[PDB]
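Here's the structure, in structure tokens; my notes come after.
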Amino acid sequence: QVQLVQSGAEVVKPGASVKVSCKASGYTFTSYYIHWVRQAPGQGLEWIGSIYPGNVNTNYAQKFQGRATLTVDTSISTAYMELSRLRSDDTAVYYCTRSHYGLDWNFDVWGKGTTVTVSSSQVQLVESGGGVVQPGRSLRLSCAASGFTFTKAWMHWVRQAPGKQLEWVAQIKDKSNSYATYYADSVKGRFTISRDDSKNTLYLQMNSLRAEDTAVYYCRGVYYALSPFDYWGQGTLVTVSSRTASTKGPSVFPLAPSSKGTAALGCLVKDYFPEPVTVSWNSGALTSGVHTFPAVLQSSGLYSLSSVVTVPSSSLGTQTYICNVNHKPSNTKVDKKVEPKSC
Amino acid sequence: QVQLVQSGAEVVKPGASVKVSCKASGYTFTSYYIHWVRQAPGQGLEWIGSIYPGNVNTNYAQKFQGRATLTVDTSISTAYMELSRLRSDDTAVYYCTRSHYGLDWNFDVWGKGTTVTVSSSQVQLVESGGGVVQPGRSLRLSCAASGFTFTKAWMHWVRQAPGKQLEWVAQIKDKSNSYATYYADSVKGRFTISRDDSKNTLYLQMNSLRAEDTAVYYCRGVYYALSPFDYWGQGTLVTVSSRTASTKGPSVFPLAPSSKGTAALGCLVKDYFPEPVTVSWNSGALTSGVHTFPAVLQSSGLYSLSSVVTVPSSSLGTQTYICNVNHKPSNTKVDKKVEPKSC
Amino acid sequence: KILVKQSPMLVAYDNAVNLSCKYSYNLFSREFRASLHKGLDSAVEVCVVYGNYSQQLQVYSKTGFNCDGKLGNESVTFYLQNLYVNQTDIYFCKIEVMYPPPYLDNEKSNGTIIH
Amino acid sequence: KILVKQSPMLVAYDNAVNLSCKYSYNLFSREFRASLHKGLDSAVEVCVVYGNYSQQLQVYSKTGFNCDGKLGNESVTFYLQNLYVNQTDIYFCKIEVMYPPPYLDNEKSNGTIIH
Amino acid sequence: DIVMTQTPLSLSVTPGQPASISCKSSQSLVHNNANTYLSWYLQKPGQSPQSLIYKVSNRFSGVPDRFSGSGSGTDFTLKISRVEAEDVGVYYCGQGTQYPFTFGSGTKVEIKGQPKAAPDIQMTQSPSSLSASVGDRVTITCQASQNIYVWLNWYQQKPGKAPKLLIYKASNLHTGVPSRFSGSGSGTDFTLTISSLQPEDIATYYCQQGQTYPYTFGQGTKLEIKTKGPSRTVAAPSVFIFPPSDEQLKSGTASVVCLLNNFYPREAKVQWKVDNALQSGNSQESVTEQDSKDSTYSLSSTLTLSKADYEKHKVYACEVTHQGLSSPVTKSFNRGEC
Amino acid sequence: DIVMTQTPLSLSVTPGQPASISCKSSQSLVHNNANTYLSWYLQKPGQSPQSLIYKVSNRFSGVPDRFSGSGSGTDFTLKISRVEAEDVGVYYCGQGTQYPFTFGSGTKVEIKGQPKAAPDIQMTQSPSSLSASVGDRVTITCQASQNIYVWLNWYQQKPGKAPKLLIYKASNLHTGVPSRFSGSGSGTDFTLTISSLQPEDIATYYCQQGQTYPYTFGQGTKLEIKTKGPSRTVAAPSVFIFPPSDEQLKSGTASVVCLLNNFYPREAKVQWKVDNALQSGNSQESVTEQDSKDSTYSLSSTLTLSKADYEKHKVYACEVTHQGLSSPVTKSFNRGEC
Ligand SMILES: *[C@@H]1O[C@H](CO)[C@@H](O[C@@H]2O[C@H](CO)[C@@H](O)[C@H](O)[C@H]2NC(C)=O)[C@H](O)[C@H]1NC(C)=O
Ligand SMILES: *[C@@H]1O[C@H](CO)[C@@H](O[C@@H]2O[C@H](CO)[C@@H](O)[C@H](O)[C@H]2NC(C)=O)[C@H](O)[C@H]1NC(C)=O
Ligand SMILES: *[C@@H]1O[C@H](CO)[C@@H](O)[C@H](O)[C@H]1NC(C)=O
Ligand SMILES: *[C@@H]1O[C@H](CO)[C@@H](O)[C@H](O)[C@H]1NC(C)=O
């Protein structure tokens with residue numbers, strides 16, 4: 001019965017603090033220099049501080065002072081940990097571990113750990129698209145609003161050239177103001193910003209690309225009413241230079257299905273180069289029993305692959321089946337429906 | 001008006017303390033490091049300590065710490081000195097002197113000094129006689145009791161041989177106990193202790209001297225009633241050895257007086273050797289107008305002198321005139337009356 | 001309380017000197033920690049000593065200094081060796097009683113100086 | 001109150017080093033005493049400095065040490081020279097404001113060490 | 001057309017020290033609606049912008065009281081009392097009143113050296129994961145970049161449970177752990193000697209350092225178990241054959257597939273028998289990696305040829321063979337018809 | 001016959017440290033009156049005994065509570081809590097019950113070194129008193145035994161009044177004192193230069209030291225004024241003549257005196273004229289020193305001779321001459337008669 005009773009499954013948003021408990025018994029609670037150790041999933045353990053009522057003077061870690069706050073209480077033999085301003089990278093499995101008497105070099109008995117997960121207070125403005133594109137050609141971006149009330153926001157697009165300041169490009173107004181559109185003049189006629197209120201999503205088309213366009217692109221959401229906010233995006237990397245890299249996008253072909261009580265079907269993507277192509281199924285909702293086969297090099301120097309799936313042979317008229325192939329080096333996306341041959 | 005008002009004529013017994021006052025004005029009393037300086041008559045000045053409310057920490061003199069105690073008070077700008085356990089050698093003229101601001105090296109303005117005299121709480125048992133004496137011969141000592149009630153005391157004589165312990169010799173009892181006499185056995189028959197209650201004086205005769213008698217002699221007074229005390233003496237030095245030093249004591253001769261309205265008379269001490277003889281007048285009560293003439297060396301190798309005095313020619317039948325000659329090297333005392341020739 | 005007394009100067013001739021802290025409590029048969037450091041900002045910890053009832057004077061180091069374990073009646077002794085010229089700095093003594101709670105420490109034990 | 005800050009170490013190369021106490025009060029135009037000693041038992045007093053409104057930085061010594069007078073805005077500087085090997089000891093700073101009474105001193109100003 | 005002059009362009013002051021940036025305007029940011037659409041932002045180095053101050057004197061909810069806006073007309077000042085790690089990075093200001101909007105030049109901010117941390121400690125453990133059999137002598141090392149005389153601590157931690165201290169020294173048997181968990185080291189770099197690897201040793205091992213603060217063992221030597229399949233039993237495959245698309249026939253090429261599915265082991269044999277005339281030289285084999293759940297592989301065979309020669313024959317099959325198959329299955333089809 | 005064994009025979013302990021002496025007896029000091037006549041004394045080194053403890057547990061009034069007696073029968077212990085300077089010195093104990101009494105052997109007590117005082121300072125000033133005329137250049141020195149760089153202070157102090165600081169440095173004119181009070185010194189021993197001695201400088205001069213505590217200038221250079229008589233006017237003498245005693249005539253010798261009294265100046269002339277036959281070769285002259293009050297001398301002349309030659313003549317006189325005497329007085333007498 002020499003252990004450390006740890007607190008329960010506690011989960012909250014980023015930035016807010018958390019109060020943890022660690023009840024000690026079976027030994028001298030008033031000694032042994034209680035610790036705290038969090039386990040960031042992906043690598044090993046961690047350390048923050050040691051605690052003793054006698055030496056509550058400052059002995060913590062560098063980017064920990066001011067954030068963590070250790071306490072104890074002899075009357076019920078309990079220790080508490082309280083991490084504040086919890087960033088997203090603070091999500092880990094927290095332990096309270098006990099050093100030996102008067103010293104700190106070995107950890108005697110470890111607490112049973114704690115569930116401490118933090119993620120995505122709101123799913124902020126998350127951008128998409130971008131990458132390698134020759135000048136003069138086109139490209140379209142994206143921005144997925146979630147966690148908040150999109151339809152009423154004032155949406156912008158603000159870019160940051162490498163090492164430069166922030167450059168406002170275009171803002172679109174919410175649905176009440178006739179979907180008002182305003183551009184910076186460097187994109188007058190070239191670009192066009194847009195949105196689908198039905199989809200919590202903001203779009204911006206980029207045409208007649210020049211090198212001045214070489215900049216990160218941040219998606220912006222603005223509100224100035226009795227509950228105001230200005231929400232930035234994540235940033236999507238968009239660069240312009242004249243790299244030939246002669247590349248062709250895949251042709252896509254349907255593996256027509258038939259009967260047998262289990263069936264199968266797939267999509268065939270042929271003659272594509274370079275590597276790789278990404279294949280999603282039903283726009284991200286079909287994963288169970290899917291095998292996307294590894295790229296195979298053909299004699300022609302061109303790659304090729306196929307992706308298949310097992311579903312019941314019953315629903316083949318009922319459920320609708322569509323494969324997605326996005327090949328951003330060639331900057332070509334293709335979708336195809338797979339329905340049995342009308343024989 | 002930049003001065004130090006000192007206290008008045010304060011006089012008390014030894015051992016008791018004394019509180020002195022020194023009022024400061026005309027400047028910043030709360031600075032300048034007040035001091036105290038006592039003037040022992042016979043040599044120069046003295047020093048005890050400096051005082052400041054800010055540094056009341058211990059900065060005094062060696063045989064002064066614990067005895068002196070300096071204080072101040074800002075509300076009336078006064079300084080106080082309080083010497084305790086006042087020994088007889090503490091009698092002096094006390095001053096309060098002021099150092100310059102923030103420093104102590106010069107004394108700026110001296111207080112007007114204080115009358116501080118101490119002497120003889122009681123005139124303790126004071127011994128007399130003693131000195132050079134060949135062995136086997138006699139000698140008589142003395143002890144003058146004053147300041148206390150002698151007639152009821154238990155009187156002893158305790159000697160201290162050189163570097164040795166204290167040796168009780170003889171005690172005599174007070175007047176109630178039949179003047180009881182008790183001797184140590186080494187003096188049984190030799191010595192005899194005695195007293196005159198009328199004279200507050202204790203006597204001890206020393207006969208058949210031997211070298212064992214070589215010791216200081218302390219006069220003792222004892223009482224064990226509802227107000228008890230044991231009073232020691234001062235100590236008189238008595239040594240025995242066989243130093244010949246062939247010496248003769250003076251013959252004394254009267255300068256017979258006559259008329260003229262002023263008269264004179266003296267005593268002639270002739271043929272004495274070695275030096276000197278002491279001549280007192282009327283057993284210590286006649287000093288005004290007395291000239292004791294310096295020793296004159298005679299042809300015979302022997303010294304001689306005369307001592308004279310001027311008194312009115314009126315009282316020559318009335319007042320009685322007697323000279324005293326004590327010559328302790330020869331251990332001979334002689335007294336002579338000087339009355340005009342009955343012509 | 002606890003009080004501490006140690007030398008005001010100790011010139012370590014030929015990298016050899018003895019440092020002792022005169023401690024004030026009962027004879028023995030308790031648990032304790034008697035630490036030694038270097039700096040008032042707690043720049044260095046040089047040695048620290050404890051002993052159980054039977055277990056003898058356990059002794060180790062945390063900045064690799066050389067330390068031996070010596071204990072008497074109610075006084076500690078540090079057998080420090082392998083000195084240098086630069087780490088010449090002030091040296092202080094520390095104490096912490098555990099039973100009973102709470103702990104009423106000493107003022108900053110004056111310390112010592114070495115050469 | 002008053003607070004004091006000074007170096008934690010100053011190796012006096014070739015018997016030459018500068019010692020300064022960072023003092024905390026108003027600019028100037030008061031009366032003061034900024035003392036320097038050697039030992040925590042007040043074994044030695046090495047120098048002490050005061051300056052009147054017009055009168056410049058008066059400076060002297062009481063154990064015959066060498067001291068120059070240097071004053072800035074609210075900081076003192078000691079130009080100490082003629083060092084030795086044995087008197088190498090800790091050095092502390094002292095302060096005493098006079099107006100107004102009473103005096104709420106500093107804790108023992110940490111001090112400095114020399115070589 | 002209304003450019004923002006951030007004043008100054010950079011600064012830094014020790015933690016606790018204050019600061020001040022001033023956004024001076026070209027024109028008046030007061031709008032014909034009697035509002036000022038100024039703003040203050042912070043771009044942490046390497047991250048997206050995040051907003052701080054909505055109108056002028058107006059702090060976004062979730063921002064600590066350490067920030068504060070101020071100003072009016074064309075004079076605008078931003079102050080910060082205590083600068084910590086969360087406050088380092090560039091600051092901008094922007095008008096939102098007259099089109100087109102503008103941002104400041106960027107007020108780069110960081111902290112000038114607080115206590116000389118003397119960078120803490122570095123603990124290297126190899127590997128991140130090995131594959132050692134049961135019983136093999138495994139001895140994992142532990143290296144540091146500084147001189148820790150002796151402060152190692154070995155924490156057996158199966159992924160999921162609380163860390164279990166194995167040895168409370170460089171090499172000293174901690175109680176509760178068998179006598180085979182021994183260690184060794186002569187000098188700067190110590191080690192741990194597991195004599196025999198056992199099934200309960202399937203864990204992620206750790207070594208601690210203990211000489212100076214701070215502390216990060218935080219590496220992980222995840223000892224994963226070794227078997228390709230033996231602990232995963234026989235799984236006969238599920239065999240399907242796909243003809244080409246009428247889309248590709250009209251393009252000249254004609255691909256055919258013989259998809260196997262969910263078999264263990266990896267060993268498989270496929271043979272395209274066109275017209276029972278065993279063909280050879282047209283097929284590429286592609287196989288997946290062992291599944292996360294069932295530890296089974298799944299395989300495809302892509303026979304390919306031209307329309308011209310495809311329209312010649314009619315029967316297309318692929319005799320699949322396997323261990324889990326009692327007999328070679330022969331899935332087939334005929335051309336054109338269904 | 002009842003000897004006292006003091007136990008021990010010596011001791012010493014730092015100030016504040018306790019002590020204990022034990023007086024062990026030969027016989028029982030309890031008297032047939034049911035009292036014990038023991039006592040405890042202290043002999044300070046170089047002084048007479050002083051009593052402390054009257055019966056056994058009984059302290060004499062005026063003794064501090066630091067002393068205390070104890071015991072009974074033949075066991076007797078004396079204890080002292082804090083030993084100071086007043087307590088150093090030998091201790092004895094004595095019985096007062098059975099004759100003859102006895103004392104202890106002596107318990108020598110002092111103090112073992114308290115703080116190393118590093119003996120304070122020594123200030124030598126010469127002379128204790130000089131006799132310098134008015135206006136003479138007087139420069140009194142001041143020597144020390146240690147190295148005081150500059151800490152002298154000159155205190156003019158006429159005997160009787162408060163000390164007056166003359167110079168608040170080695171040589172720096174203190175304000176309130178004329179520009180003639182200058183000093184000088186090059187090195188270890190400084191001095192003071194009074195250019196002209198004046199009547200108000202009749203004082204006892206002092207020099208102070210000011211480098212380390214303690215402090216004692218305490219010497220005194222008493223500048224006393226010089227004149228034998230000039231400021232003491234003429235005083236004619238008073239002349240008396242004494243014949244011998246009839247006691248000494250019957251012893252063979254016959255002394256005669258010519259006593260002068262209370263004259264200034266010292267200059268005097270005496271001539272014994274026996275029978276107006278001026279004698280010469282028998283008289284010794286003896287004179288006193290200048291009186292404390294009137295500054296006058298007083299002189300005797302002792303003519304001497306034998307009975308045999310004394311009974312020859314009848315007239316004996318001594319012509320005294322002086323300045324204050326308008327004419328030589330001739331006091332005389334005749335033999336036998338009156
Ligand atoms: C002497 O140095 C010590 C460092 O060991 C100082 O301790 C702390 O200093 C910070 C400021 O740097 C203060 O905020 C703390 O309150 C101090 N702690 C204590 C316990 O005082 C110390 O301040 C320095 N001396 C003085 C007199 O301040
Ligand atoms: C450090 O040394 C100082 C001496 O400068 C000590 O100061 C005094 O010491 C005596 C005993 O020797 C005590 O009676 C006093 O109370 C001490 N004074 C003060 C102000 O504390 C000091 O005691 C020593 N350090 C400690 C912690 O006691
Ligand atoms: C002491 O420090 C100095 C730095 O100035 C360095 O050069 C010297 O080597 C150090 N002493 C030793 C013994 O390394
Ligand atoms: C330092 O003290 C020692 C005492 O051991 C002495 O011998 C030496 O001479 C002193 N140093 C100097 C420079 O006098």
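Lettering and numbering for the structure tokens are positional, with chains as A, B, ... in the shown order, residues counted from 1 in each chain, and ligands counted from 1 in the shown order.
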(message) As a quick test: using only C-alpha atoms and all ligand atoms, which residues lie no more than 7 Å away from ligand 2? Give them as a list in words.
(response)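 Protein and nucleic-acid residues within 7 Å of ligand 2: residues 3, 4, 106, 107, 108, 109 and 110 of chain C; 40, 41 and 42 of chain D.
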Expected answer as an mmCIF file with N, CA, C and O atoms, in the first residue's frame: residues within 8 Å of ligand 3, only C-alpha atoms and all ligand atoms:
```cif
data_model
loop_
_atom_site.group_PDB
_atom_site.id
_atom_site.type_symbol
_atom_site.label_atom_id
_atom_site.label_comp_id
_atom_site.auth_asym_id
_atom_site.auth_seq_id
_atom_site.Cartn_x
_atom_site.Cartn_y
_atom_site.Cartn_z
ATOM 1 N N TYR C 84 41.531 23.672 -6.460
ATOM 2 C CA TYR C 84 42.008 24.422 -7.614
ATOM 3 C C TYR C 84 42.237 25.865 -7.174
ATOM 4 O O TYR C 84 42.266 26.174 -5.979
ATOM 5 N N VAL C 85 42.404 26.752 -8.149
ATOM 6 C CA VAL C 85 42.658 28.161 -7.882
ATOM 7 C C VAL C 85 41.412 29.011 -8.101
ATOM 8 O O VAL C 85 41.145 29.934 -7.331
ATOM 9 N N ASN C 86 40.624 28.700 -9.132
ATOM 10 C CA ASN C 86 39.495 29.549 -9.497
ATOM 11 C C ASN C 86 38.292 29.325 -8.591
ATOM 12 O O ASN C 86 37.658 30.289 -8.149
#
```
Range 54-155 of chain B near range 60-79 of chain D within 12 Å: what's each residue's closest atom pair and its distance in Å to one decimal, counting only C-alpha atoms, ordered by chain then ascending residue number, as JSON lines?
```
{"residue": "B:103", "atom": "CA", "partner": "D:62", "partner_atom": "CA", "distance": 11.1}
{"residue": "B:104", "atom": "CA", "partner": "D:62", "partner_atom": "CA", "distance": 11.2}
{"residue": "B:105", "atom": "CA", "partner": "D:62", "partner_atom": "CA", "distance": 10.2}
```
Atoms kept (N, CA and C atoms) for selection, written as a compact mmCIF listing (two decimals), in the first residue's frame:
```
# COMPACT_ATOMS: atom_id res chain seq x y z
N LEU B 103 31.64 61.08 12.65
CA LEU B 103 33.00 60.66 12.94
C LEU B 103 33.25 60.77 14.44
N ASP B 104 34.47 60.45 14.86
CA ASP B 104 34.78 60.43 16.29
C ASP B 104 36.17 60.94 16.63
N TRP B 105 36.93 61.46 15.67
CA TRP B 105 38.36 61.64 15.90
C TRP B 105 38.69 62.93 16.66
```
(request) Return as a list in words the residues of protein, DNA or RNA that approach ligand 4 to within 12 Å, with only C-alpha atoms and all ligand atoms taken into account. (result) residues 10, 11 and 13 of chain C; 82, 83, 84, 85, 86, 87 and 88 of chain D
(request) Rank nothing, just name the residue among C:12, C:21, C:36, C:44 nearest to chain E, using only C-alpha atoms. (result)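 Of all the options, C:44 lies closest to chain E.
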Any idea which chain C residues end up within 9 Å of chain D if we count only C-alpha atoms, as a PDB file with C-alpha atoms, in the first residue's frame please?
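And here's part_21.pdb as it stands now:
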```pdb
ATOM      1  CA  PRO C   8      36.583  32.151   9.619  1.00  0.00           C
ATOM      2  CA  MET C   9      39.607  31.236   7.449  1.00  0.00           C
ATOM      3  CA  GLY C  39      28.067  30.593  -3.191  1.00  0.00           C
ATOM      4  CA  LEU C  40      25.178  32.443  -1.608  1.00  0.00           C
ATOM      5  CA  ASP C  89      35.023  31.063  -3.067  1.00  0.00           C
ATOM      6  CA  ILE C  90      33.063  31.322   0.154  1.00  0.00           C
ATOM      7  CA  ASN C 110      28.473  32.625   8.659  1.00  0.00           C
ATOM      8  CA  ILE C 113      36.836  30.945   3.362  1.00  0.00           C
TER       9      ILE C 113
END
```
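From CA of residue 49 in chain D back to CA of residue 33 in chain D, the distance works out to 6.1 Å.
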(message) Taking only range 56-295 of chain B into account, list the residues labelled helix (DSSP H, G or I) by DSSP (computed from the backbone), as an MDAnalysis selection string.
(response) chainID B and resid 62:64 88:90 150:152 185:187 197:199 211:213
(request) Show which residues sit within 10 Å of range 246-252 of chain F, as JSON, numbers by chain. Count only C-alpha atoms, and ignore same-chain residues fewer than 4 positions away. (result) {"B": [251, 252, 253, 254, 256, 341], "F": [305, 306, 307, 308, 309, 310, 311, 336]}
(request) Enter the distance from CA of residue 108 in chain E to CA of residue 66 in chain E, in Å, rounded to one decimal. (result) 17.8 Å
Quick one: residues within 10 Å of residue 67 in chain F, only C-alpha atoms, excluding same-chain residues fewer than 5 positions away - as a PDB file with C-alpha atoms, in the first residue's frame?
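File written: out-v1.pdb
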```
ATOM      1  CA  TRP F  40      34.495  31.845  51.981  1.00  0.00           C
ATOM      2  CA  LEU F  52      32.084  36.710  51.030  1.00  0.00           C
ATOM      3  CA  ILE F  53      30.087  34.021  52.870  1.00  0.00           C
ATOM      4  CA  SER F  57      24.923  29.343  52.742  1.00  0.00           C
ATOM      5  CA  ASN F  58      25.075  32.975  53.762  1.00  0.00           C
ATOM      6  CA  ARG F  59      26.347  35.841  51.583  1.00  0.00           C
ATOM      7  CA  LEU F  78      31.116  27.104  46.725  1.00  0.00           C
ATOM      8  CA  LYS F  79      29.856  27.932  43.224  1.00  0.00           C
ATOM      9  CA  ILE F  80      30.145  30.971  40.942  1.00  0.00           C
ATOM     10  CA  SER F  81      28.143  31.436  37.746  1.00  0.00           C
ATOM     11  CA  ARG F  82      29.857  34.242  35.791  1.00  0.00           C
ATOM     12  CA  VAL F  83      33.506  35.112  36.446  1.00  0.00           C
ATOM     13  CA  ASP F  87      36.296  37.685  40.588  1.00  0.00           C
TER      14      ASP F  87
END
```
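The interatomic distance for the pair CA of residue 94 in chain F and CA of residue 144 in chain B works out to 24.6 Å.
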